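For reference, the structure discussed in these notes is given below.
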Ligand SMILES: NC(=O)OC[C@H](O)[C@@H](O)[C@H](N)C(=O)N[C@H](C(=O)O)[C@H]1O[C@@H](n2cc(CO)c(=O)[nH]c2=O)[C@H](O)[C@@H]1O
Ligand SMILES: NC(=O)OC[C@H](O)[C@@H](O)[C@H](N)C(=O)N[C@H](C(=O)O)[C@H]1O[C@@H](n2cc(CO)c(=O)[nH]c2=O)[C@H](O)[C@@H]1O
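Residue numbers (the deposited numbering), protein chains in the order written: chain B, 382 to 401, 409 to 895, 908 to 968, 1027 to 1075, 1087 to 1129; chain A, 382 to 401, 409 to 895, 908 to 968, 1027 to 1075, 1087 to 1129.
Put into structure tokens, the structure is as follows:
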């Protein structure tokens, strides 16, 4: 049909394994694609699934993305998938998953560039019988090729994963898998790969559900099946399973403090936040590593906004229309909820889990968090600045009201997180000075030293994040984290010391109240973990996270706000606009935080002004500090309480549904 | 000789003008150079000057550098040169400059790249008969050409410069000029352009004196001749004239405040600093726009250090060995003074002047000053960190001692300038608070507002200089300068107000002393200007400079320290080292200044610590502020006094030499 195709018989050894035979098992198809993803249909590109005498009906289509992963991570992910399909076909009382479930299940593996792909994994892929060199063409009839499509259905299954080798076997218990290997001619953006999946192949495949995976992610032994079960309600359009750190063999990785704190964080985010948000019906972010979308729900407006942005735009740049790309993923969720005349919702099913690797060194950790913080902030402001769209959807009145209250709660979250830095120093200074004034022994020298340490660390972090890169200077970041850990240790010691002394004296008072409130939040965390029935997470070095806490409050935030856009003709004007908007958020951040600090501690000449106005007719401490300190933990207790109540509701309805 | 040469007869019209005739007048030589500058000799490249039957003896060789200048600036510079040579030949009583003195002089014009050269000026050059297209070759016998050499001796002289057109004429009063047009095949560093002059052509030309000019610089009607006269002393090896800001026709540019302040600065630097430094015998910097070097003195070690750097170096990077390039020009001066077994000195002759254009908009002004500030700081630290070399030279003991004391004085200059920012804010705060405490009327609100304004401006400048570029954001810099001008206005008003009130009361006291000292420095400036016999410069909007002063103290310095290296395999390691060293000077700067501010104003918890130590047994102001404020103007008066004394000595010896 004017296009280049090539069929090469499957490896004779692989054919012998298959024997251990209809045409699709014995051969590999190769197609060369030279168009952008949205011409696969009418430019006469096809797949085997439609070439049979009776076209195959796709019930699930699976996508995984590779950039440079070695064969271990990919092997693990496909081990999970093949196990899950084996359980799928093993089901008896399921028409969707009977003797030939894989007939309705095809797995697509989206590479990114031959140059950066790890041939170390191409070895395994060739072992599976879906990849052979020799017939790769970079340009066809003066048309540059866009992607290579390799297409085979194997019989070999992965069965064990050792730290070094990948165990594959072919027996009578194996289950056929339909493969779709796509190799982008050159390395491209992950969103482009998603477009190749959604805007492209999915259109021909006509799938009922599309699940986004990620190389190195472990589906549970039945997590995919459970996720599919969640879609029996005709209202859900997206869903996501709990994601936990893969830790290490015999939990060895749990030695690393960073891994320990990250583990506790992953657990919390999946115990309070997601259950609370899924109670209302809107989830802030579906993890890109593991998510599922009903295809018909997402087509149209969502993919438009995701791949193109707000088309309605003049020649000049606008804030949203040229900044929404930093919330690339989150916007999808928003767009499905408030679609016109459609009542789609999102759901969080806790019993489908996935274990993933995490960054292990400070540079990679920071370079990862940066994207997440920027995306979260931009998506939150975009959602709150356009919430009225929810009233233009097809929801009933109750859903609409619940979505409204949820939006207000989320904006309260983003605002309280915006002024976190000011509270951090404001609290530390108040407690340190309070105790030093109280007892006089040796906190006096300590107070001065700690203040200087915090100032130098805060400044140096600003300078380094604005000018330098994390890769060049790794030692200083580790030292900064250590210093913040020491400061947090001293803060806790002061708190407990004052609490004990005040208890003896009653045998100040607001600090007895603060220890009440801190005990309250810790006990509520414990109860929340107890309800979920995974209470060893609190024992997973949660204290290690507490020590690293200050770092996240005074290091991740500064870097995230100091590297907003990652800058490097129309291009120069765009770069100038990006640089201008980057250096304008930071100044606002510092000024707004310092306004609170000045109002409370009475620095910046305010004390001098007050004292000398009274002369017209300075103190060491005022009641303002006491009031502020009471208020901050008032708020912390409130947040913990509302989140605990939400978690209980989610678990209660989940259990009640199980009872029914 | 295995090389490509090409002779084309001079324009017939130009030939007719010449008639209005020996061979060198009637033809243009063209040579193609394909080696690096230090093979012009032994790779058999020659020039006409040596091709005559009796080789011509070069008494002066002149170099001018072009990057993109239009025909006006170049035309002005060559107008100056031809006038000066006309006066040179017009001289009667001289053993050297006779009727054929022009033959002993050759002018070399070093371009930089065909791509960026202004063909708008190539028009004028072709008019002069030293440039014709058609026979340009970019590569000769698989060897890339390095430079095009065009060679002619004209008879036309420039006679008037209108804002639009260049008046050229050919009459009986014109004087022949020997030209050497060297258009670099590709644009490159100006130092590389100089490398072609000194390490290259000069070796064949064997000149007695080489004068560095710059496109757009006006030699005086006799400045070149005077500069040559300065070399009759067999000890001088370099000398420089005096640069005057171009006020423009009827001082039209003067209206611009920036031009006015720059004019006053150019005058001062040439009235106190250079005369004082030339009294001892070492000049900090010979202006690249206008300078003169005795060739034999500079050959050897100086060009080695200038073009290559400290060869003695390991694989790793060292501070000096890889940072000296930022003081590219200044080092030359140092190297001539402390040459081994040579007693060369530098001299400053005031009566040779040169008028040049200056940057007129804030972005270009800042992008210019940056290089000067970085070069000055690095050269000063390099000189003071290696001063013992002076004792290894061939000077007598008296010269050696004078050079020692001068080096100490220069390091005192660089140190006092290093802690200028801290003094700026420290003084402003002390005066504003002092007055506000004094009188209570409305300085109270003003004091608080001014403090906040300074803080925001200082912060915003830090952020913008670290992250952004001056080109993108021009408006904010102008606003910053305006704000600093307003702050300086208020500072002056407070000073005079307190002085007047204290005078009435005596009809605090340290501030009566400060007004004494400020009157002292202003009157010493006036007397210094009076002695030099150019006292209209004080009337050239010197007050406009005073208003812009704060800006230079709190804007030029921050940008200079925040863009030290201009960063953008061995290259990546080098870039990492540059980025590391860049972000380490800044932190030192801030910490050292804030240490002074904390010690004096007693901020940073020091007051809290003192008060609560006394509790173990805070004020609004202490005597420390009074002591510091007295000391700072003590120092300012000292500097003004020593500089005035030096200026007088220079003028006295100059006059005495004239008397003798
Ligand atoms: N909560 C949660 O997300 O889990 C953690 C999450 O799994 C991470 O830990 C996980 N290691 C991870 O980074 N996955 C990436 C992602 O999808 O974001 C995958 O995208 C692919 N990719 C990415 C880029 C740069 O964006 C590219 O240029 N090309 C490209 O191909 C690549 O295959 C990468 O693996
Ligand atoms: N006190 C004092 O110096 O006077 C002020 C001084 O004259 C300035 O105002 C004067 N406008 C000026 O900038 N002259 C430059 C200089 O010599 O530094 C000349 O160097 C040339 N050049 C420069 C670069 C970049 O460095 C290049 O890449 N290529 C290149 O050819 C260029 O011809 C430029 O004109």
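All C-beta atoms in this analysis are idealised placements derived from N, C-alpha and C, irrespective of residue type, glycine included.
- Judged by pairs of C-beta atoms under 8 Å, the stretch 775 to 795 of chain B does not touch the stretch 1049 to 1059 of chain B, as fewer than three such pairs exist.
- Residue 878 (chain A) carries a helical assignment under DSSP once its states are collapsed to helix, strand and coil.
- By the Cβ neighbour-count rule, residue 399 (chain A) is buried, with 16 or more other Cβ atoms within 10 Å of its own.
- As for any alpha helix (DSSP H) of minimum length 4 sitting wholly inside the stretch 555 to 635 of chain A, the runs are 578 to 583, 590 to 593, 611 to 617, ordered along the chain.
- For residue 475 (chain A), the uninterrupted alpha helix (DSSP H) segment begins and ends at 459 to 478.
- Measuring C-alpha to C-alpha distances from residue 940 (chain A) to each of A:813, A:649, A:780 identifies A:649 as the nearest.
- Only exposed fits residue 524 (chain B), as fewer than 16 other CB atoms lie within 10 angstroms of its CB.
- Only residues of its own chain outside the window of five on either side were considered, and among them 751 have a CB closer than 6 Å to the CB of residue 859 (chain B), listed in chain order.
- Leaving aside the five residues that flank residue 563 (chain A) on each side, the residues in its chain whose CB is nearer than 6 Å to its CB run, in chain order, 473, 474, 477, 490.
- Distance check between residue 483 (chain A) and each of A:457, A:468, A:495, A:447 places A:447 closest, using alpha-carbon atoms only.
- Here DSSP, grouped into helix, strand and coil, assigns residue 412 (chain B) to helix.
- Closest in alpha carbon position to residue 532 (chain B), among B:420, B:460, B:436, B:1122, is B:420.
- Distances from the CB of residue 425 (chain A) to the heavy atoms of ligand 2 are all 7 Å or more.
- Proximity of the beta carbon of residue 746 (chain A) to ligand 2 is indicated: a heavy atom of the ligand is located closer than 7 Å.
- Assignment of beta-bridge partners to residue 680 (chain A) by DSSP yields A:599, A:627.
- The nearest non-hydrogen atom of ligand 1 is 7 Å or more from the C-beta of residue 607 (chain B).
- Short note on residue 500 (chain B): C-beta closer than 7 Å to some heavy atom of ligand 1.
- Spatial neighbours of residue 771 (chain A) in its own chain (CB-CB distance under 6 Å, excluding positions within 5 residues in sequence) are listed in chain order as 722.
- Taken atom to atom, the span from the alpha-carbon of residue 761 (chain B) to that of residue 847 (chain B) is near 21 Å.
- By the Cβ rule, the stretch 637 to 646 of chain B does not count as touching the stretch 719 to 733 of chain B, because fewer than three pairs are nearer than 8 Å.
- In the three-state reduction of the DSSP assignment, residue 1097 (chain B) falls in the helix class, which pools H, G and I.
- Secondary structure at residue 1070 (chain A): helix, using DSSP grouped into helix, strand and coil.
- In this structure, the C-beta of residue 631 (chain A) approaches ligand 2 to less than 7 Å from one of its heavy atoms.
- Separation of the CB atoms of residue 814 (chain B) and residue 1087 (chain A) is rounded to 19 Å, and the pair is thereby denied contact status at 8 Å.
- For the C-beta of residue 821 (chain A), the chain B residues within less than 8 Å are, from N- to C-terminus, 1066.
- With a threshold of 8 Å between beta carbons, residue 543 (chain B) makes no contact with chain A.
- Taking a Cβ-Cβ threshold of 8 Å, the residues of chain A close to residue 828 (chain B) are 1070, 1073, 1074, in chain order.
- Going by beta carbons, residue 845 (chain B) and residue 861 (chain B) fall outside the 8 Å limit.
- DSSP, reduced to helix, strand and coil, places residue 959 (chain A) within a helical segment of the structure shown.
- Using a Cβ-Cβ cut-off of 8 Å, residue 851 (chain A) is close to 854, 1041, 1044, 1045 of chain B, given in chain order.
- With respect to residue 547 (chain A), residue 555 (chain A) sits close: the two C-beta atoms are nearer than 8 Å.
- The C-alpha of residue 942 (chain B) lies about 14 Å from the C-alpha of residue 876 (chain B).
- Only residues of its own chain outside the window of five on either side were considered, and among them 520 have a CB closer than 7 Å to the CB of residue 514 (chain B), listed in chain order.
- Distances from the alpha-carbon of residue 703 (chain A) to those of A:794, A:445, A:1028 put A:1028 closest.
- Residues of the stretch 537 to 563 of chain A whose Cβ lies closer than 8 Å to any Cβ of chain B: none.
- A direct Cα-Cα distance of roughly 31 Å separates residue 735 (chain A) from residue 807 (chain A).
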